[PDB]
Ligand SMILES: [NH3+]CCc1ccccc1
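What follows is the structure, encoded as structure tokens:
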């Protein structure tokens, strides 16, 4: 840097580095979330309650002076195993299921199983949303059964730790336990599942806040060998 | 679905009729190029630390 | 891109005058700024310099404790603060942009200037061979410049600039770093040199090429401007 | 439909028999005599720092000094590889960017990703700022690659199984390249800018003609996806890298597969490939934190370029002076 | 490239055997699956492990269909049995990359799928 | 004599390895690791400087140098011990901010906060040590007694008020900040493990708290006790207390850096 122009170039580089520092400080204090779902699930209305062939959407909301960024995938193809590698660093994944159809439920189960066991998606905890509970409640008392689709429903009874008609609760906890059975089969204690019973609400943001809080706390505890 | 199969068979017919050469001649040509251009490769033959700008 | 200077007038000796350069039409806070002086019948002269981040400031050896420069990026304005005005600072002042990175072109834009009438060593010296040469509209022209120190640097650059102001307008930029041609100038100018002796050639010639051609050196921070070579 | 299928099968058969007849001797038998390169030692000479998140792409300049890099935090940075200085810092509209390109004249850069739009940035403006000049929209899937032909023509690859040729002045497609089954992952232009190759997730590579816009040849032999494709300096060969931890070398005139570069200690797939100036060395980046350098004629491991995370991009200078690599730990290293 | 071949009307109550012939790829390094499509969207039916350790089925066919493959001949087949009134074309499939539990195998020409066959279990 | 000697070598090597490792590797430049780097630096300084002089004094049971020399060695010793303890307290506060309240951990522990902590921990003990020793603050009213005890070495001699104030500050603010934090973290870790099951945390917390406690507590007790009792303890007893304090600095880098898998992997 023996010339005047070289010194001016170095000064310009230093100014660029200062701006980059400011951007880094803004970046480190934010949490990113990935939202997944299907066409039947109300993931398009959950966003609006929280609130040109674009390929991705974005939504920003704040709770207790903490900023969250939630990204919804827009116009893409049906193949997912290629652009799913760009989200291996998010805080959590929000998964929405429509458990009021009795037919595409196995699909949702397969989708969840494929997401859970992904090589690049390890260490990412998934927050499970079971949506459209009013439809299920209306569709269970009228009596379309669950025995034909799932043969093991005949030998299932509500667990004692359930916190609630009783048939509604038995069906809900059967679905919930199917998902949990899928989730707990592996993972060797690096990421967890937080199921929920969501309706068509003013508290989903608080639930996401609490679940993210617990996920980060568990990660920090594991980092220091305090757990 | 006849359109997709028709396009595929026409493309295969197009690809079928192409002039082709012997593989040994191609291997000889690649070796000839590699041997001819071997002295302008700083990565192959290292350059002394006078004519490279990434020194130190 | 346009720059406007305001102030000037007639100032009694020993007084103070505050000049302001107002810029609008470009990203002001990314360019360094200079002040360049031109005596009524003499050549150009460099005065001061403030950088983009305001982290570095230089002054001419002639005026170091008398003048003061300052900038305000919110409003895009450049200031010159003069105190205890002598009888020598009676020239016209120009406002000049400059930006420095790999491949840039400094001194590319100049202001219009304002007049200021006052009532009554180890630096590189740059010299030009002649003062006036007559030619014909269509013949070839060559102008020579000479330097007391090697302008070639260790990295490989040769810092030399040609300006060639028009008779009535502010100076413009022809060549930067001895070889590279400016953006909007016609591609009939060329430059060459060896490190100590430098030449500029003009193949064809039209009615717009008349004026005074200058020589500038950016090797050191102190700036010395070429005397001049008028073309008739 | 059955008759059509039968016709397709016979046509396919009429191609494998011809290529097997023309197959003759392999590259190994003829290249055995030549003395090997030996061993290659390469040392890090620079380390460019300043990216927040991980890096997906980089591209050298024609002047052999500048380069551009893209990162997931939504930033493009143009470096000065000699003095390690920073020339420009560009903020993006979207943070999920997958590729970048740098114009052969040095006037423009491009980038795109999970937004189905390719943006063009003008570096040489009257004002001292970099501003976007044109947004190219019309694709359906994510952009995976883009390359300049000149200041006005750009070739893009998308996840909707199609390539396209654009006109930056008007912003409308002038040609579309259809025929792939899976999403296209990479492309490589030719030195004369008349042809280009392509790789997709259907485990096949195709050669296209830019002028008339139709496929000319199809290459197979891989078992899984194609992640990276490079093109021989001569112009009559190219190499690919897949998810089955293997690299091939395909001819154009012979229309077959030459020597294969693989080893039993690699299980992870290849992300990038590139050649040297003379084509003697083929070096590829892997997922096991490393980068390997192969002998392009004998398939022998000669040298290892040992980053703290996955290696995502490579690059070799136009005059062959240096090699640059990127990675998911947000560091750029220059080797020599 | 990679080619998969599957070989397979029956009065109700019957059983059947349907295979897959494949070459080109290394069979012993990949997870496999059978997907069928009703005259409806395609549905997953019965994946198997590389060495066969893990076998899974859907509820609609659990206990009635069993799938197993032999590495020696690079062939995999499911022994259909006790059929019921199952009119669909049964395809074959392979996971995209070797050595991984995860897999994502859509109606957009998943390349690693066979042309498929049709089975009628009606009179 | 050798047993004291090995100790110095272990201190020096253990601190040098940590300093070089944190300084070189580029993936270890997070804000929290600079505290470890600074603590290793101060322990290295302590091991290089104070170990040989105290070694010579202890074995010969008699000062061999200038009378304007002791006033420097004691000041440096107090400085470095105080600095190490402050560094431990700040690390505990860092861990508390990490675990208990997470959503805002990255914002709180930016590089500026770590820089301020390092600056305070290096600055305060130095001015405290020195202004205490070079001026005569500890010697106020015990001068005759001091002379009687003195015309026979050097020792952290303390009056009735200065000694109790030094004890209060150095061994009661950092210790009170450390113990409360680790108690509150132990409860949270136990509850989380119980919920997950529906303990290594106790083991590691006990190990490091116990090491600190057994290393530092007896020496400060005896010091605060001495003026009130009447200097009845033997002079030769305090050598063991000083060497316990120096064993703490010997073991500190190992506990705070080699117990953790990430540092081992980065090496
Ligand atoms: N070995 C250190 C001796 C000491 C005594 C009192 C306060 C601080 C330090």
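Chains as they are written, first to last, in PDB author numbering: chain A, 4 to 54, 180 to 271, 273 to 293, 298 to 333, 335 to 361; chain Y, 8 to 63; chain S, 2 to 121, 135 to 246; chain B, 4 to 309, 311 to 340; chain N, 1 to 8, 11 to 41, 43 to 88, 90 to 109, 111 to 128; chain R, 26 to 177, 180 to 225, 244 to 312. Positions of the beta carbon are idealized from the N, C-alpha and C atoms, including for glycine.
Worksheet item: Would you say the beta carbon of residue 102 of chain R comes nearer than 6 angstroms to a heavy atom of ligand 1?
Response: The residue you call residue 102 of chain R lines up with position 77 of the sixth chain. Yes, the beta carbon of residue 102 of chain R sits closer than 6 angstroms to at least one heavy atom of ligand 1.
Worksheet item: If you compare alpha carbons, which of A:314, A:315, A:349, A:309 is closest to residue 297 of chain A?
Response: Between 293 and 298 in chain A the model has nothing, and residue 297 of chain A is one of the residues in that span.
Fill in: Proximity test, Cβ basis, 7 angstroms: residue 310 of chain A and chain N
Along the first chain, read from residue 1 onward, the residue named residue 310 of chain A stands at position 177. Not closer than 7 angstroms to any Cβ of chain N, the Cβ of residue 310 of chain A fails to qualify, so no.
Discussion item. By DSSP's criteria, residue 310 of chain B is part of a beta bridge. Which residues make up the other side?
Written reply: This structure gives no coordinates for residue 310 of chain B. The numbering of chain B moves from 309 immediately to 311.
Item to complete: Run the proximity test for residue 106 of chain R: is its beta-carbon closer than 6 angstroms to any non-hydrogen atom belonging to ligand 1?
Response: Counted from its first residue, the sixth chain places residue 106 of chain R at position 81. At least one heavy atom of ligand 1 is nearer than 6 angstroms to the Cβ of residue 106 of chain R, so yes.
Fill in: Pairwise C-alpha distance: residue 90 of chain B and residue 131 of chain B
As a position in the fourth chain, residue 131 of chain B is number 128, starting the count at 1. As a position in the fourth chain, residue 90 of chain B is number 87, starting the count at 1. So the alpha carbons of these two residues sit roughly 12 angstroms apart.
Worksheet item: Within 6 angstroms: the Cβ of residue 183 of chain R and any heavy atom of ligand 1?
Response: Taking the first residue of the sixth chain as 1, we reach residue 183 of chain R at position 156. Annotation for residue 183 of chain R indicates a beta carbon within 6 angstroms of some heavy atom of ligand 1.
Worksheet item: Any heavy atom of ligand 1 closer than 6 angstroms to the CB of residue 102 of chain S?
Response: On the third chain, position 101 is the one that residue 102 of chain S refers to. The answer is no for residue 102 of chain S.
Discussion item. In whole angstroms, give me the CA-to-CA distance for residue 213 of chain S and residue 243 of chain S.
Written reply: As a working mapping, residue 213 of chain S is identified with position 199 in the third chain. As a working mapping, residue 243 of chain S is identified with position 229 in the third chain. Rounded to the nearest angstrom, the two C-alpha atoms are 12 angstroms apart.
Worksheet entry | Proximal residues to residue 306 of chain A (C-beta, below 6 angstroms), its chain only, five neighbours per side dropped | Taking the first chain and counting its residues from 1, the one referred to as residue 306 of chain A is at position 173. If we look at residue 306 of chain A and ignore the five residues flanking it on each side, its Cβ neighbours are 287, 291.
Practice prompt. Please classify residue 112 of chain R: is it buried, with 16 or more other beta-carbons within 10 angstroms of its beta-carbon, or exposed?
Written response: Position 87 of the sixth chain, counted from the start, is the residue given in the question as residue 112 of chain R. Label assigned to residue 112 of chain R: buried.
Worksheet item: Counting Cβ pairs, one atom from each stretch, are 3 or more of them under 8 angstroms apart for the segment 5 to 24 of chain B and the segment 68 to 84 of chain S?
Response: With the cut-off at 8 angstroms, the segment 5 to 24 of chain B and the segment 68 to 84 of chain S do not touch.
Item to complete: Would you decide whether residue 90 of chain R is buried or exposed? Buried here means 16 or more other CB atoms lie within 10 Å of its CB.
Response: Reading the sixth chain from its first residue, position 65 is the one you call residue 90 of chain R. By the neighbour-count rule (16 or more Cβ atoms within 10 Å), residue 90 of chain R is not buried but exposed.
Worksheet item: Buried or exposed: which applies to residue 290 of chain B, given that a residue is buried once 16 or more other Cβ atoms fall within 10 Å of its Cβ?
Response: Counting from one through the fourth chain, the residue named residue 290 of chain B turns up at place 287. With 16 or more other Cβ atoms within 10 Å, it is buried.
Fill in: Where the beta strand (DSSP E) through residue 295 of chain B begins and ends
Residue numbering aside, residue 295 of chain B sits at position 292 when the fourth chain is read from its first letter. Run containing residue 295 of chain B: 294 to 298, per the beta strand (DSSP E) assignment.
Worksheet item: If you drop the 5 nearest sequence neighbours on each side, which residues of the same chain put their C-beta closer than 6 angstroms to that of residue 252 of chain S?
Response: Here chain S covers residues 2 to 246 and nothing more, so residue 252 of chain S does not appear.
Worksheet item: Which residues bound the beta strand (DSSP E) around residue 214 of chain A?
Response: For the purposes of this step, residue 214 of chain A is taken as residue 86 along the first chain, with counting starting at 1. First-last for residue 214 of chain A: undefined, no H or E at that position.
Discussion item. Counting only beta-carbon separations shorter than 7 angstroms, does residue 207 of chain A have a partner in chain N?
Written reply: The residue given as residue 207 of chain A occupies position 79 in the first chain. True, the Cβ-Cβ gap to chain N drops below 7 angstroms.
Fill in: Distance cut-off 6 angstroms: residue 295 of chain R Cβ against heavy atoms of ligand 1
Here residue 295 of chain R refers to the residue found at position 250 of the sixth chain. Not so, every heavy atom of ligand 1 lies at least 6 angstroms from the Cβ.
Discussion item. On the CB-based measure, 16 or more other CB atoms within 10 Å of its CB, does residue 324 of chain A come out buried or exposed?
Written reply: Translated into the one-based positions of the first chain, residue 324 of chain A becomes position 191. So residue 324 of chain A ends up on the buried side.
Practice prompt. Please find out if some non-hydrogen atom of ligand 1 comes closer than 6 angstroms to the beta-carbon of residue 289 of chain B.
Written response: Here the question's residue 289 of chain B lines up with position 286 in the fourth chain. Result no, Cβ not under 6 angstroms from ligand 1.
Worksheet item: Should residue 43 of chain B and residue 305 of chain B be called a contact, given that it needs their Cβ atoms to be closer than 7 angstroms?
Response: For the purposes of this step, residue 43 of chain B is identified with residue 40 of the fourth chain, where counting begins at 1. For the purposes of this step, residue 305 of chain B is identified with residue 302 of the fourth chain, where counting begins at 1. Result yes, Cβ atoms of residue 43 of chain B and residue 305 of chain B sit closer than 7 angstroms.
Worksheet item: CB-CB under 6 angstroms to residue 105 of chain B, same chain, minus the five flanking residues each way: which ones, in chain order?
Response: For this step, residue 105 of chain B is matched to residue 102 along the fourth chain. Correct list, in chain order: 62, 64, 71, 112.
Fill in: Proximal chain Y residues relative to residue 338 of chain B, where beta-carbon distance stays under 8 angstroms
Locating residue 338 of chain B in the fourth chain gives position 334, counting from the first residue. What residue 338 of chain B touches in chain Y: 61.
Worksheet entry | Own chain partners of residue 119 of chain B with C-beta closer than 6 angstroms, once the 5 adjacent residues on each side are dropped | Here residue 119 of chain B refers to the residue found at position 116 of the fourth chain. Closer than 6 angstroms at Cβ, skipping near neighbours: 142.
Worksheet entry | Proximal residues to residue 216 of chain A (C-beta, below 6 angstroms), its chain only, five neighbours per side dropped | For the purposes of this step, residue 216 of chain A is identified with residue 88 of the first chain, where counting begins at 1. These residues qualify, in order along the chain: 248.
Worksheet item: Which residue from S:40, S:155, S:188, S:36 puts its Cα closest to that of residue 60 of chain S?
Response: As a working note, residue 60 of chain S is residue 59 in the third chain. Selected option, being the one with the closest Cα: S:36.
Practice prompt. Taking 7 angstroms as the cut-off, decide whether the C-beta atoms of residue 5 of chain S and residue 23 of chain S are in contact.
Written response: The residue you call residue 5 of chain S lines up with position 4 of the third chain. The residue you call residue 23 of chain S lines up with position 22 of the third chain. For residue 5 of chain S and residue 23 of chain S, yes; Cβs fall inside 7 angstroms.
Item to complete: Identify, in the order they occur along the chain, each residue of the same chain with its Cβ nearer than 8 angstroms to the Cβ of residue 85 of chain N, setting aside the five sequence neighbours on each side.
Response: The residue labelled residue 85 of chain N in the question sits at position 82 within the fifth chain. Closer than 8 angstroms at the Cβ level, and outside the excluded window around residue 85 of chain N, lie 15, 16, 17, 67.
Item to complete: With a 10 Å radius around its C-beta and 16 neighbouring C-beta atoms as the bar for buried, classify residue 135 of chain B as buried or exposed.
Response: If you number the fourth chain from 1, residue 135 of chain B lands on position 132. So residue 135 of chain B counts as exposed.
Fill in: residue 99 of chain S vs residue 33 of chain S beta-carbon contact at 7 angstroms
The residue given as residue 99 of chain S occupies position 98 in the third chain. The residue given as residue 33 of chain S occupies position 32 in the third chain. Between residue 99 of chain S and residue 33 of chain S, the C-beta gap is smaller than 7 angstroms, which places the two residues in contact.
Practice prompt. Output yes or no for whether 7 angstroms exceeds the beta carbon distance between residue 195 of chain S and residue 176 of chain S.
Written response: Sequence index remark: in the third chain, residue 195 of chain S carries index 181 (1-based). Sequence index remark: in the third chain, residue 176 of chain S carries index 162 (1-based). Result no, Cβ atoms of residue 195 of chain S and residue 176 of chain S do not sit closer than 7 angstroms.
Practice prompt. Below 7 angstroms CB to CB, which residues in the same chain sit around residue 84 of chain R once its five sequence neighbours on both sides are set aside?
Written response: Numbered from its first residue, the sixth chain carries residue 84 of chain R at position 59. For residue 84 of chain R, where only same-chain residues beyond five positions count, the Cβ hits under 7 angstroms are 26.
Fill in: Beta-carbon spacing of residue 266 of chain B, residue 245 of chain B below 7 angstroms
Residue mapping note: residue 266 of chain B aligns to position 263 of the fourth chain, counting from 1. Residue mapping note: residue 245 of chain B aligns to position 242 of the fourth chain, counting from 1. No. Outside cutoff.
Worksheet item: Counting pairs of beta carbons, one from the segment 193 to 213 of chain B and one from the segment 315 to 323 of chain B, are three or more of them closer than 8 angstroms?
Response: no
Worksheet item: Three-state secondary structure (DSSP) at residue 43 of chain A?
Response: Start at 1 with the first residue of the first chain, and residue 43 of chain A comes out as number 40. Reduced to three states, the DSSP call for residue 43 of chain A is coil.
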